[PDB]
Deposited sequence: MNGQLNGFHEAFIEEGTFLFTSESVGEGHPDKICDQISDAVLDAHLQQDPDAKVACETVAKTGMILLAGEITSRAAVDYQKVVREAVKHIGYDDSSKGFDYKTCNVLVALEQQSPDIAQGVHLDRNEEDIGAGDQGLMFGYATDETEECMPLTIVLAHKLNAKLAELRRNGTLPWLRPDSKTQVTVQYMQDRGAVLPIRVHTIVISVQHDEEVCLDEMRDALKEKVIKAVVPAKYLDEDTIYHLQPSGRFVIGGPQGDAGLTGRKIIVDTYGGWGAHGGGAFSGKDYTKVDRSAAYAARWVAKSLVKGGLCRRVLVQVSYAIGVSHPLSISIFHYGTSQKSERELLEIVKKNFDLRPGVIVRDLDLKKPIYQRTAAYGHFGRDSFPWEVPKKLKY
């Protein structure tokens, strides 16, 4: 009665994730000057290029060359030996900016999902949490000089064996771990593989989940000197399952980064997480999936759905009534409840938007019923 489940994450220097962080660096820059900025900033990265495209309504005057280049510096691409350099890369701006509310209409149509699971303290699947932490660990050891051969582009994948308990899920052991990470010309493969096991995996994954049968795919393709935008074109919103629940729960298709609160792709997904987490932390269920949907120009959600996997004594209809009584999921109210005009978005753009840093949507609401 066991099953395998797999989730992945990627590091800050992965080209898709570079674009997410830049898109959010742009959004933060606008919001610092104009809290009411409307932003739909897409970023594209390739060998020697960052291109920005999209539509903005804002009173801000933003230095795109300075914002983009500082974001690439933070990530760690600061020399041509690493395949990309903030000092000398091309930055092209194709943004179209115009000068310029409880019941504001949704900025678009779409559907969004929230999810929570009691298998971890942060109410997230173990598979995705470990995957994220492996990439975070790599960045730490790169930045503090423990493994100076490390470069910013990385990918991890974690397969966990579960058992199920009346619709809830219980992690037993890690079955397989993959790690691929960009590196300098000097470091040999055996040194890298040894370090990824001892200094990364064993520092991150609780020892009770590792055993002698755990499968390790470390630098499985061999060498990986060419990385970042040089090796692989990147686009904003191409890591949406990394950003959310790692294959668990569900997704409505919408990207997060480069978008203001009126874009319910972001705001309503954050709120649905908040609802899902509030239901689990309030003891109403162990595992829960929440769907919402919107029409452009209309404030109230078109639909709200709760799925509890059989982990509640209450019916799904009862949980829906509790949600309706405790949450107002119009964009103009979510913005107040979750403080979404604050320029906090660049910090969400790597290592997942959920299960860390106690952002407002991770602080559960106390429920009246």
**OP:** Provide the list of deposited-sequence positions lacking C-alpha coordinates, grouped into contiguous ranges.
**Re:** 1-15, 116-126
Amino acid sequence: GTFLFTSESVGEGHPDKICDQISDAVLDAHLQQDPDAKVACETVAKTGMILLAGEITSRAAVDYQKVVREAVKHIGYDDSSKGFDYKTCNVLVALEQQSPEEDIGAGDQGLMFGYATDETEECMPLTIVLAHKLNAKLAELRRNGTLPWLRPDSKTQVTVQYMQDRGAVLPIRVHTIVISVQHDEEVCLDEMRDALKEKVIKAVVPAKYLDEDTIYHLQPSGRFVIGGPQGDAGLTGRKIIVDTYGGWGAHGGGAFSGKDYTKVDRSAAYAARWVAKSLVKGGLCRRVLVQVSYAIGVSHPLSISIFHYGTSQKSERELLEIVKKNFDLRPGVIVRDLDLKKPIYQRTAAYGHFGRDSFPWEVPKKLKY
From here on, numbers count along this sequence of modelled residues.
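Here the rigid core means the biggest group of C-alpha atoms that line up within 1.5 Å when the two forms are laid on top of each other.
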Subject >> Greater root mean square CA deviation, 52-60 compared with 299-307 in 5 other deposited structures of this protein, core aligned >> reply: 299-307
**OP:** Name the stretch, 152-160 or 181-189, whose C-alpha atoms sit farther from the shown form on average in 5 other deposited structures of this protein, taking the rigid core as the superposition reference.
**Re:** 181-189
Subject >> Mean Cα B-factor comparison, 243-251 or 214-222, giving the higher one as deposited >> reply: 214-222
**OP:** Would you determine, from the values in the PDB entry, which of 102-110 and 185-193 has the greater average C-alpha temperature factor?
**Re:** 185-193
**OP:** In terms of CA temperature factor as recorded, identify the highest of 164, 236, 159, 117.
**Re:** 164
Original post:
Which has the highest CA B-factor per the PDB entry: 231, 76, 125, 258?
Top reply: 231
Original post:
Compared with the other modelled residues in the chain, in which third is the CA B-factor of residue 346?
Top reply: middle
Original post:
For residue 170, does the deposited CA B-factor place it in the lowest, middle or highest third of the chain?
Top reply: highest
Subject >> CA B-factor ranking of residue 209, expressed as a third of its chain >> reply: highest
Original post:
Among the modelled residues of its chain, does the C-alpha B-factor of residue 295 lie in the lowest, middle or highest third?
Top reply: lowest
**OP:** Can you work out whether the C-alpha temperature factor of residue 35 puts it in the lowest, middle or highest third of the chain?
**Re:** highest
